[PDB]
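# Close look at the chain arrangement
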Amino acid sequence: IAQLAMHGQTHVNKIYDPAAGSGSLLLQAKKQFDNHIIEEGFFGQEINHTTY
Amino acid sequence: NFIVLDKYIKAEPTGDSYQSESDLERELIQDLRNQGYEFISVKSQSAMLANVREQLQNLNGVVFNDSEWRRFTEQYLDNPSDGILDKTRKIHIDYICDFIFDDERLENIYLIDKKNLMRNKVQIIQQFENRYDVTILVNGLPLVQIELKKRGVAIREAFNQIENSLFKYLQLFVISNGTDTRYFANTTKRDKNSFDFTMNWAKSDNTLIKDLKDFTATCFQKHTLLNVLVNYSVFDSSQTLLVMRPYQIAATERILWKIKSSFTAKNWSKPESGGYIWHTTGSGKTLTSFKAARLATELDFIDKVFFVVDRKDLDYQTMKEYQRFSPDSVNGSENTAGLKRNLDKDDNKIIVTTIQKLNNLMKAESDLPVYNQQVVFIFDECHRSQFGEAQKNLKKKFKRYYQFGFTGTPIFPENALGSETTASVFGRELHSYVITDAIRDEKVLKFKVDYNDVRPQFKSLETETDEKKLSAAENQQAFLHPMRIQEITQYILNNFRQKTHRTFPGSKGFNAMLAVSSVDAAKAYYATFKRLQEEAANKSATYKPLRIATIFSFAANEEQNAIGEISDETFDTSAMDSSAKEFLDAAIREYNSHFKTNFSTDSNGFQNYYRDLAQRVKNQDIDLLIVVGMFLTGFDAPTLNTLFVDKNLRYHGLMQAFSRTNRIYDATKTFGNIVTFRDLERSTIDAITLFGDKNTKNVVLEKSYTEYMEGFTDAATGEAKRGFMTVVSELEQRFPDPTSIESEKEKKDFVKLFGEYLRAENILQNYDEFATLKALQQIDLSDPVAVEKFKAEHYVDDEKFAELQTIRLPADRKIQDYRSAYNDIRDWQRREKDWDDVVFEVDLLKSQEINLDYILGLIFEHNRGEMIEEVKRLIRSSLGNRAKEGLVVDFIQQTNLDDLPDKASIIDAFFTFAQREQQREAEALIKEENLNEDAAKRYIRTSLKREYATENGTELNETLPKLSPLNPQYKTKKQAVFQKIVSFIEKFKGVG
Amino acid sequence: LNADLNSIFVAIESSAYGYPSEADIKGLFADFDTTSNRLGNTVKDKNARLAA
Amino acid sequence: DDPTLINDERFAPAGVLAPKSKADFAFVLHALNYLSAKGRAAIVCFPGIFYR
Amino acid sequence: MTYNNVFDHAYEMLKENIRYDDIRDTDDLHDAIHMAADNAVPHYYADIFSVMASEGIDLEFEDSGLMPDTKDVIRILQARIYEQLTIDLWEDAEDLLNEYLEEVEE
Amino acid sequence: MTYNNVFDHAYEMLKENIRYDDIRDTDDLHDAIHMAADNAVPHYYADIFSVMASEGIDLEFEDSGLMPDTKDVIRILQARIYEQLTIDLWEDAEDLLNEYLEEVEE
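Moving on, we come to the overall build of chain B. Along the backbone of chain B there are 37 helices and 21 strands. Computed over C-alpha atoms, the radius of gyration of chain B comes to 34 Å, within 12% of the 30 Å expected from 2.2 N^0.38 for 992 residues, which places it in the range of a compact globule. With respect to the three principal axes, the spread of C-alpha positions in chain B is 105 × 90 × 60 Å.

As C-alpha cells, then:
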C-alpha cells in the first residue's frame, strides 16, 4: 500500500487515515520516504481505547 | 409551587459595599445563611470525610464503624484510579452503593435522595487556599462552586483563567462579578466555546436575572438548586454533561403541574386540560421533549407516554432519544399486535411513533386494553398535513388521554382559512419562547425591512392591499411587466456589492437570496436576469459577473393550513409542464457547464443538485439564489445577511423566512437586511402584534436613518446614542488630526472614539442613503451625462442632490489617515503588549484590505515621479503590509513605467522581481547566520506553505546553526534568527 | 412477593434469605441459599433484572 | 439510515446508502470525499462480493 | 462469539435482502438466504471455534455433499455453520414472509 | 482450557512414566510418550475447541495418515492435538532424560 500510494505526487499532503488501527501501516510509507519530502501530519482515527 | 417565577419582586441592596469582592463573598454567605443554608468551615480533608460520614449516617439511618467507613471510603468513594467522569457518573447514575455490613446484610447507601427534598441536606463552606470561592456541599459533597471575579473585568476574559482529592465531584461553576452572572457545565472548554453554553437564569418572561443578589434569591433556593441539579440535569453517554435552558425547565414544570392538577381535577380527555408550548424554530428542541417524556414516565399513575412525530423525522430522533440509555422508543417492525405487546411491556413506556403508524393502530384495532388508561401524547412537527382524523379517532378510541403540542406554527383566529386553531385543539398557551426573547438573549440578530420606492409608475400595484386582487392582478402586465422587472434588476445589480460588503475585492462578503412568486414568473425572471447580466457584461467589459442559481420542482400543491406559508414542493421533476422542464434542464446544464457536475433530471439528480446547491451556497460561492418555494425554513447558513423579496409572505411565513438572516457569524455581521418591492411592513407590524406588545418593534426591527445619523436615547433599555455627525464632530474637533497623535492618552482616546466610528460606519453601510452620500464623492462637475448616470442609478432628484451636496463628509483620504493612525496605535502597542484597557478592534479592518493588486493597478494607472510617493502612505493604510514596504518601494524605484506596458504586465514583473528578491535575500539572510542550507530551504518552504513561523516543530531546532540543546546558552541567536525569519516571511508572505 | 412489582429494592430478598436460613434448631441443613448475589452492574439494572 | 448520514456531506454521491453487515464500502465512499484529482487512493476490501 | 451472534448478522442481512430488494417470492428469497447466510459466517479461526464451542450447532452434517473429502476441516466447519443457519432461516423466512409482506402495504 | 492446560497434564504423565517405571531408554520412553500424550487429550466438545481456539496449535497436519478420510472431524482435531503434543514431548523427553536420570543417582 506504500508503493501504491507512492509515487510521483510530491505535494501537500500526506497522510490521512480512517480506521487507523495501529500506526504500523502508516509507518513504512514515509519512514522509508522521509527524505523524499516532508509535507504535513499523519491523521488517524480509531475506536478501541487500548488500540488508540 | 414552581422554581421559575412568574411574579417576582426584584430585591435591592443598601449597600453593603459592592466594590471589593470579599464584601460580596461575605454578603453571599450572609444571604445563604438567611435563606436556610448552613455554614461551617473545614480547612482539611479529614473533617470533610467526617462530615460526609455524618450526613450519610443521617440519611441512610445506619452507623458505620471505622472498618465499614474505611472500606466504603476506599472501595466506593475515593479511589485515586477513579476519574472525574467516574464521579459524575456516580452523581447522575450510580447514586446508590450496595453495602455489605459486618453481619452480612446488604443495604443501600444513598448519596442524594432522588425522590424527596427534605431528606437532602446541604452545607456551605469556603476554600483553602488568592481567590474568592464559595463551595456548597450537598450531603457533604462539593457540587456547586461559585467563584467571584473583578467588577470591571469582563466575563469573557474571566472565562479564560483556568490532588486535591474530593474536589473531583464539582458539577456547576457559577461565575459572576455582582452585575453579570453566568453558570458553566463542568468547566469543559475555552474561548472558542465560551459563550455558547454559559446560560443565565431568568424569570418566566425570559428577562434575565443578571446580578448576584436576585440570582441568589431565586436560583440559590434549596428547592430550586436541588431540583435543577437532580431533576433537570443530564449526564449523557458519553463524556457530556448537559444543563437545560431556563425556559425549557420552565415549560417542563408547567407541563408536570398541569398534568398533576388535571389529574387532581379529573380532567382527562378534555382540551382544557391540554395545552401547548411554542418554542422558536432552531434551538435544539430534542432535549426538552426527551426530558418531558422521561418525567412523564416517572409518575406512577401515568399509564403510557408517547411522543408522536411526523414523517420522516422518527429515525434520527430515535437515536437522539437513544443518546442517554434507555428510552426503548422504537417499533419499526410495524404492526398492531407487536405494538400492543409493547403496550404490555413495563418500565420503559415511551415509544416514538409517527402519526401514520398511530392511524394504522386506530383503523386496525378497536379493543386495546389501553383505551381507558392514563396515556399522555406529545406532538411535534406541527404542520397540519396529517392531523385531522387522528384527533377524531383518539377522542373516539380512547376515554382517558392527555395531549400536548410542541408546535412551530401557532394557528390563531388571526389566520383562519377555515382551519382549526391551536387553542381549540390544545388549550392554554402554557409557555412560549418567542423570537423577541431570542433577540433579548442575543442568540440571533435584528432585521431591517426596506420597501423600495423605485417606481411611482407601478407604486399602487406594489402597495395593493387586497391579496385576492393580487391574485387577480397576477399576470405579466401588473407585476411581471418587463420594465418593472428590468428596473428591479438594475437596482439589484447596482447595490449587490454595496449591501454584501463587497466594496473592495479583498473583502470576503456574503451572498443573497431572491424571493419570487411562481413558476411562470421565475422562468421569465431568470431569463431577464441572465439577459441583463449579459448586457451588464457588455457595458464596460470590466464588470465582474454575478453567478445566479435557482431551484423549484412541484408545486404550490395545497393551501394545507391557515394564513399563510411556504408550499414545500415535492421532488417530482416531470410533474411540471414542458416549458419549465426544458428551462430547468437548461439551468441544470448551466450549472454543469460552469461547475462541471453530473446531475440528472430524475428525483435523485434533483435531490443531489439541491443538496450540492445548498452546500455551494453555504460556503460563499454562488452569490445569488432565486428562491421559489424552498430554502426558507429547512435551511441554515451563518453567512447570508441580505434578502431581496418580491413575494406576498404573511404573518410567520414572514418570520421563518427572515430567520435566514439573523444567525450570528462574527462582530461585523450586525443584522440582516430585508429589501422588498411590495409593501409588507404592515404585515410585519401585524406579526409584531401577533408576538405581543408594541415594545417589540422598539427592540426587534430597526430605527430610522437620522436616529443613526444623530443617535437616540433609548426607551427600550435606556441607552443613549450619538449616531454619526456627533462622532464626526468629535473626530474633527477634539484631536490633533489626523496623524498628529504622539502621546499615550491621545492614542487611547483616539482608539475609544475611532472604534465606535468604525462600528457606526459599518452600521450605516447597510443603508441606501449613506451609500449615496459616500458615492457623492465620486461624481463629476458639472457633466450632466455622468451625473445623470449617478442620479439615474440612485433615483435622486436635484432637490436631494443639492441637499446632500450641502452636507459635507470629511475627506476620505483623511479618513484613511485616521485608519493609519489607529493602525500605528495598534502596532506600536501590539508587541509589548493603560494600553491594555480597550480591545483594539479587529474583525472589520481585517476586511477592506488591498493585497497590493489595486496598488499595482495604481502604479500602472498613474502615468506618471508622480507615482513615486503615492504608495508610501498606502502601505501603512493597510494592516499586514509593513515589512512589505521596502519590497514594493524597491520594485517601483529600480524599475519605472517602462516596465509596465499595460496593467497585467506590471503584476508579473512584480512577481518575477519579488521571487528574485526572495531567493536573493533568502540566501543573504541564511548566509549571514550559517544555517544548514538544505534544512534552511526546507524550513523556508515550510514557513511559506504554513504561511507563518513558530519554534514549535523541533525540525526548526534541527535547523539549528551548529549547537543549541545546551543549558548554558542564551538560546540566542536561536530566538534572534527566529525574529529575523519571522520579519523575513512578513516581508515575503503570500508571494513566490 | 410478586404483587410488589418493581419494588425498590433488591436486597429485601437478602434479608428474606436470612431468617428462613436462621433455623438453627435442629439438624439445620442451613448455610445454604448463598446463590443469589449482587452482580449485576448498577442497582437499577439489578432491580429490573431480578424483578423480571 | 437510522443516523443523519442520509443527509450528510459525502453519501449524497452514493445515492443509495450502505447496508449493515457490509460497512466496508462506507469507508471508500468516505474516501472520495477527502481526495484531490492530483492525488490517489490506496485501500483494501473483501472478496466476498457478487452484488451485495 | 456465540451461534446467536452469527445468527443476528444473518438475521439482519435476511431483513436487508427481503426489505431493500422488495421480493415477494419464497424461492427467490431462499436464494437470498443462500446469499446472506453464506456471507454472514466468520473468517477468523478462534471466531469459528467459539461458535463451534457454543450451543445450538453440532458437529455432524446431514448432507455429506457439503464436505470436501480432503484436509479442508475449516471448510467442513463453515459448511456446518451454513447448514444450521440455512435451517434456522427456513424457519425465519417462513416467519418473515407473512410477517413482512403484510407490513409493506402502504 | 488452553494448550498449556493439556500440556501440563501430558507433562505430568510423562514425569509419571519416566519416574515410577524407572526407564532409562530413549525409545521406550517415547513409547511412554505414545502412552501419556494420547491419554491426556480432552474429551468434551468445547474443551477440545477451546484448545483449538487457543495459541500454539494450528489446523493443518504434517502426516495426513493421522487423518481418517471420513466425517470424523473430532478425530482429526484430536490427532492434531496428539501431533503437537508429541513434538513438544520430543523436546521435553530430550530435556527430561538428562534432567531426570542424572537426578536419580542415590
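Having seen the structure, we can now continue with the description.
Our next topic: the domain arrangement of chain B. Examined at the domain level, chain B breaks down into domain 1 (1-43 + 117-242), domain 2 (44-116), domain 3 (243-433), domain 4 (434-703), domain 5 (704-766 + 809-847) and domain 6 (767-808). Each of domain 2 of chain B and domain 4 of chain B has a C-alpha centre, and the two are 62 Å apart.

All names here are of chain B. Estimates place the volume of the largest cavity at around 160 Å³. Lining the largest cavity are 13 residues, and of these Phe379, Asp380, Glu381, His383 and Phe387 sit closest to its centre. Among the residues forming the lining of the largest cavity, the class breakdown is seven nonpolar, two polar and four charged.

Moving on: the interface of chain F and chain E. Listed as interface residues are 17 residues of chain F and, on the opposing side, 17 residues of chain E. In this assembly, chain F packs against chain E so that about 1500 Å² is buried in total across both faces, 73% of it on carbon and sulfur atoms. Seen at the junction of chain F and chain E, the total is zero salt bridges. Across the contact surface, chain F and chain E share zero residue pairs in polar contact. Considering each element in turn, the side of chain F that touches chain E owes the most residues, five residues, to helix α3 (residues 45-53) of chain F. Residue composition of the side of chain F that touches chain E, grouped by class: twelve nonpolar, two polar and three charged.

Quick look at the pairing of strand β13 (residues 375-379) of chain B now. The side chains of a regular strand alternate between both faces of the sheet. Residue and element names in this part refer to chain B. Taken across its five residues, β13 has five buried, putting it largely inside the fold. Burial along β13 is two-sided: the face carrying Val375, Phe377 and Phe379 and the face carrying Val376 and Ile378 are both buried. Judged from the five bridges that link them, strand β11 (residues 304-309) and β13 form a sheet pairing that is parallel. Across the sheet, the residue bridging to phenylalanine 307 is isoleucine 378, located in β13. Bridge count for β13 against strand β14 (residues 401-407) is five bridges, and the pairing is parallel. Directly across from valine 376, in β14, lies its bridge partner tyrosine 402. At this point the chain moves from β13, through helix α13 (residues 388-396), to the parallel β14, and the crossover so formed is right-handed.

With that settled, consider a nonpolar patch on the surface. Taken together, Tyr16 and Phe43 of chain A together with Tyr34 of chain D make up a surface patch of nonpolar side chains, about 310 Å² in accessible area. Within the fold, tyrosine 16 of chain A resides in the loop between α1 (2-5) and α2 (24-30). Residue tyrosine 16 of chain A is classed as partly exposed on the basis of its relative accessible area of 37%.

Here we come to the sheet that holds strand β10 (residues 276-278) of chain B. If you walk across this open sheet you meet the six strands as β12-β11-β13-β14-β10-β15 (chain B), and the pairing is parallel. Every interior strand has two partners, whereas the edge strands, β12 (353-354) and β15 (429-432) of chain B, have only one.

In this arrangement, two copies of a chain are superimposed by a rotation about an axis accompanied by a shift along the axis. Mapping chain F onto chain E is achieved by rotating through 180° and translating by 0.0 Å along the same axis, at an RMSD of 0.0 Å. One copy is carried onto the other by what is essentially a two-fold rotation axis. Minimal C-alpha separation from the rotation axis in chain F is found for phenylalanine 49 of chain F, amounting to 2.9 Å.

Of all hydrophobic cores here, the largest spans 64 residues; its most connected members are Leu77 of chain E together with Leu77 of chain F. Looking at this core, the elements with two or more residues in it are α1 (3-19), α2 (26-36), α3 (45-53) and α4 (73-100) of chain E together with α1 (3-19), α2 (26-36), α3 and α4 (73-100) of chain F. Once residues lying within four places of it in the same chain are set aside, the contact partners of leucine 77 of chain F are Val73 of chain E together with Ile48, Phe49, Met52 and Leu59 of chain F.

This brings us to a positive patch on the surface. A cluster of basic residues, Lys114, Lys115 and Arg119 of chain B together with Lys44 of chain C, forms a positive patch at the surface. Looking at the element boundaries, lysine 114 of chain B is found in the loop between β2 (106-110) and β3 (122-126). The exposure class assigned to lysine 114 of chain B is partly exposed, which follows from its relative accessible area of 30%.

So, about the environment of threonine 336 of chain B. All names here are of chain B. In this fold, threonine 336 is placed in the loop between α10 (314-321) and α11 (337-343). When the C-alpha positions of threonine 336 and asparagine 360 are compared, they lie 7.7 Å apart, and in sequence the two are 24 residues distant. Leave out the neighbours within four places in its chain, and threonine 336 touches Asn360, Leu361, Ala364 and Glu365.

In this section: the packing of helix α35 (residues 903-927) of chain B against helix α36 (residues 933-945) of chain B. All names here are of chain B. Where α35 contacts α36, the axes come no closer than 11 Å and their chain directions differ by 130°. Taken together, the axes of α35 and α36 are oblique relative to one another. Of the two elements, α35 crosses α36, and the hand of that crossing is right-handed. On the side of α35, the interface is formed by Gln918, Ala922, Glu923 and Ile926, while α36 contributes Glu933, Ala936, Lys937, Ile940 and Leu944. Here the contact of α35 with α36 is built from residues that sort into five nonpolar, one polar and three charged.

What counts, and where the lines are drawn
- Residues numbered from 1 in each chain as written, not as in the entry; some residues may be left out.
- Chains lettered and ligands numbered in written order.
- Part of a larger assembly, values for the part shown.
- Heavy atoms only, no water.
- Residues with missing side-chain atoms left out of burial classes, pairs and counts.
- Helix = DSSP H or I, 4+ residues; strand = E, 2+ residues; numbered from the N terminus.
- Rg over C-alpha atoms; globule rule 2.2 N^0.38 Å.
- Domains from an automatic or database assignment.
- 1 Å grid on protein atoms, 1.4 Å probe; cavity = no way out; pocket = protein on both sides within 12 Å on 5 of 7 lines; lining within 4 Å.
- Points joined across faces, edges and corners; volume = space filled by probe spheres on them.
- Nonpolar A, V, L, I, M, F, W, Y, C, P; charged D, E, K, R; others polar.
- Contact = heavy atoms within 4.5 Å.
- Buried area = accessible area lost by both parts, 1.4 Å probe.
- Salt bridge = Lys/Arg side-chain N within 4 Å of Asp/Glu carboxyl O.
- Polar contact = N/O pair within 3.5 Å; in protein donor to acceptor, adjacent residues only side chain to side chain.
- Buried < 20%, exposed > 50% of the residue type's maximum accessible area, 1.4 Å probe, protein only.
- Pairing = 2+ DSSP bridges.
- Right-handed = clockwise from strand over helix to strand, strands pointing away.
- Patch = residues over 30% accessible without salt bridge, like charges linked within 9 Å, V, L, I, M, F, W, Y side chains within 5 Å.
- Areas by Shrake-Rupley, 256 points an atom, 1.4 Å probe, with all protein chains shown as cover.
- Least-squares fit on C-alpha atoms.
- Core = buried A, V, L, I, M, F, W, Y, C linked by side-chain atoms within 4.5 Å.
- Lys, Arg positive; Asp, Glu negative; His and termini not counted.
- Charge placed at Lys NZ, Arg CZ, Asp CG, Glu CD.
- Axes fitted to C-alpha atoms, helices over the stretch in contact; angles between N-to-C directions.
- Parallel < 35°, antiparallel > 145°, perpendicular 65-115°, else oblique.
- Left-handed = near helix turned anticlockwise from the far one by under 90°.

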